[PDB]
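What follows is a pair of forms of the same protein chain, given separately as structure tokens and numbered structure 1 and structure 2.
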Structure 1
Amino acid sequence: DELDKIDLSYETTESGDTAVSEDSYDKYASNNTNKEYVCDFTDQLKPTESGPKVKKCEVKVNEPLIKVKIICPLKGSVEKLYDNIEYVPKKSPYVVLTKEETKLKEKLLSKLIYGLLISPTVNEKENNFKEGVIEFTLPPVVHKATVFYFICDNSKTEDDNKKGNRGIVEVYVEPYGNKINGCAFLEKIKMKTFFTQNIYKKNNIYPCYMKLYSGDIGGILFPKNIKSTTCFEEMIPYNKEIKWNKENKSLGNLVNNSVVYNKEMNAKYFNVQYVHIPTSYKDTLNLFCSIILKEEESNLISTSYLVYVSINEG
């Protein structure tokens, strides 16, 4: 696709042409609030007599479902100060930089981190540095330490004797998690090891079981041929703990402060949803939803899946 085609010949380095070595980078951590880790370059790259310096924003992740947000000021967003700013990769965040041998080269982020969520838009604009900001959400599980980079380089912008700075983002993901409570309805090996239950193609009504507790993450890799699903906007509670308002049907309605990731199932690559039960929620709740498939190619028999979600069933 044009959103993520990689140029295999592209080459660069962390320092670029600044001649600065890493021991002289101005290194600092991302500003982290809740589960959003933000690198904001809006005021870090303006030209100064001392320029160009290297501003390295370090994003260190060893927890699940962290959203990474990177803001790079736009050319002409302020007169003169960013006339020659460049960002790399141009197709961030779908394409990132990783170190191969000793240089930075382009890599598909979704191939690097299975289950990673790239939404098409940010603030109702394209998720691309051309609009000033990119975002992505790391998955509930990462098996291998992973390091990749973004460049927001204002070092070629000149204003009087002053030069802008070269901004680097280093995202350093340490391994975290093991397996998502839930089911994968079945490169392929990545799919088979990511969820606790693998539902291989069946021609009947078959049950997936997602057992969760306070603080747990669950998720589902939905079938390829999905037509319709009530997971998780139209849940049906069973077992009679409390009285049920039939309009309080989403997991949000039923579990205060629960979060569903990729509700719109509009993230690229991965036909997944993740759910997070908050640590505050201590009540017991058994829920049900369903997945219906398209009969595009008939097997003479229709496929459907029942998804059972039990919360705090202890």
Structure 2
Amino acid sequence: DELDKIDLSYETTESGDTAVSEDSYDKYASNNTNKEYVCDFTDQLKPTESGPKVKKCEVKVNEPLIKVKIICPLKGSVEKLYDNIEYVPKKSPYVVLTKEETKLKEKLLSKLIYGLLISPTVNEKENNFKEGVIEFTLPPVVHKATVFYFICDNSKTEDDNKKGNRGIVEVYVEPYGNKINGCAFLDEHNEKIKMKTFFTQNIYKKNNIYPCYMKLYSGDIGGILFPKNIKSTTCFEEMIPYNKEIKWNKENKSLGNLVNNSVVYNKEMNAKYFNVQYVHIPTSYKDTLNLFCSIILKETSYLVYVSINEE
């Protein structure tokens, strides 16, 4: 579909048309708060008499579940300042740029990093630079170093004898993690192999004997790759303690309600490509729980077991 169609002929360079040499970039780190790394070009690209400059924001990731956020001012949003701004790729963040020879060329981000989460929306607006901001969350595990780029280029905006600047985001993801504690429900080529290697327990449709068992401790990250024919799941909005009596009219209890400061990722299961959810148990949380949820298939259910801080 149009959301992520690659243009194989597109090519640019870091400098674009600015005639600014790479040895003359203004390079700086992303602004990182907890696990959100932000490249904000709101006050970096305005026309000045010494423009164009190149403003290069460097995102360096070596730990799991980092959310990257890039803010690029909209064309026409302020008088004069952004008259000719442009962003590349237009289909960011589904499409990114990577280095090939001296050039930057388009690649599918999801093919680069298995399990990366792109939500359809950012604060109830479409996840696309036309709305001013894009976001994506990196997964619990990354196997190979990956470097990719975005462009937010105001250098063609000319005001009197002033020119805007060209903004670059370089995201450098180093490898981290090995496998995700949890389960992959597989159907039984490159994508099929990844699906088999990323979770500690694989569950095949035929002749499986062990239910999904997610064993978590303080600080740990868990995850599940849900079956393709999933109809619905109560993981993790309705966990049930299976060491207590089950009453179906009891109110629902989420993992978040049961485990203070736990975080669930892609809880709506609307991220593109990957039918996954990740969970993080805080290091603070020290109690023991034994819970289960369920996965209902499309026309038959799967039981899912979660243990937290088992003695």
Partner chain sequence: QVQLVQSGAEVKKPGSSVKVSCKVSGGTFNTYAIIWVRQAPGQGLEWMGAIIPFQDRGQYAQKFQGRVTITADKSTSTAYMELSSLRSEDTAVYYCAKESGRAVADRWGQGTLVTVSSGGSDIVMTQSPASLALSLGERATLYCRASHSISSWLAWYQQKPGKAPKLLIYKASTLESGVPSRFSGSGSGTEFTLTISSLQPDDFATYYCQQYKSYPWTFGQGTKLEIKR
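Residue positions are counted from 1 along structure 1's sequence. Basically, rigid core = biggest C-alpha set you can superpose within 1.5 Å across the two forms.
Q) Among the two displayed forms of the chain, which is the form solved in complex with its partner chain? A) Here the form solved in complex with its partner chain corresponds to structure 1.
Q. In a fit on the core, which one among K211, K125, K202, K75 has a Cα that moves 2 Å or more between the two structures?
A. The listed residue whose C-alpha shifts by at least 2 Å is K202.
Q) With the core lined up, does the C-alpha of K282 move 2 Å or more between the two structures? A) No, shifts by less than 2 Å.
Q | Post core alignment: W244 C-alpha displaced by 2 Å or more between the two structures | A | The answer is yes; the displacement is at least 2 Å.
Q. Relative to the superposed core, what is the Cα shift for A19 between the two structures, in Å?
A. Rounded to one decimal, the shift is 1.8 Å.
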